[PDB]
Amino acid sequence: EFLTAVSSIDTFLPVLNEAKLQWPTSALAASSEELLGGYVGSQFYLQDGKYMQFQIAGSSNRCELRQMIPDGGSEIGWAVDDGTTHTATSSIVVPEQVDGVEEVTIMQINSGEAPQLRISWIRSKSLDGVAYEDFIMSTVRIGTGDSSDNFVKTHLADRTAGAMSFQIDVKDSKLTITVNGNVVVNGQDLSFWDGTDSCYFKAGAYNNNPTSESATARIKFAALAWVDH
């Protein structure tokens, strides 16, 4: 069937003007100019006339937008302590994921060193001794090591059938995440990352630890924007 390009409507043009698409790995799939120019494929198309839909199969593969300097610029890098407020907003519909998909990262703050933040859908996970299922989680790094003390993981919300709003705010070395209008991470310390000048937003679908290499993660965005005030 005919695949409609995300750029065929106005809703996502502001973010497409500030993003490249990485697919099926971190390799460039489409520059900002190509995205604005109607790039489209099964991995990245306008679903039901209104959703920017990302699809990807395979371990650690992705179909993800990566924040760029606007108007055809190169990769952006900012700092948690640069004094600017860095904000990403979205409205996301996470459908029920097919068998074999276990975790899908849908928004991030990443840098040249490590991910400061991942917001992910996760099928099943115990957090602080409590089992949660089919939910949206934040994983914040407060270190570069691999032991659990390097992470703060939070149950943000159970997955809903309908769209769920997100706002990620970074200001003065602190992180706030608001989900459906309510703060769920309230001023998390990011000062471990002071001086890291290579941070940037991402959003889309990044497939983490699937149990089938052919199972396709699928995530729909009704809205996505990133801004610096």
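Residues carry their position along the shown sequence, with the first being 1.
Between the stretches 34-42 and 190-198, it is 190-198 that shows the larger average CA temperature factor.
Just going by the entry, 205-213 versus 18-26 on mean CA temperature factor gives the higher value to 205-213. For the set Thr139, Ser124, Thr87, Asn110, the maximum C-alpha B-factor listed in the entry falls on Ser124. Going by the entry's values, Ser74 shows the largest Cα B-factor out of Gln116, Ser74, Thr105, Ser91.
In this PDB entry, the Cα temperature factor of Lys50 sits in the middle third of its chain's modelled residues. When the modelled residues of the chain are ordered by their C-alpha B factor, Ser120 lands in the lowest third. Among the modelled residues of the chain, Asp172 sits in the highest third by CA temperature factor in this PDB entry. Ranked against the other modelled residues of its chain, the C-alpha B-factor of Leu65 as given in the entry falls in the lowest third. Among the modelled residues of the chain, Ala223 sits in the lowest third by CA temperature factor in this PDB entry.
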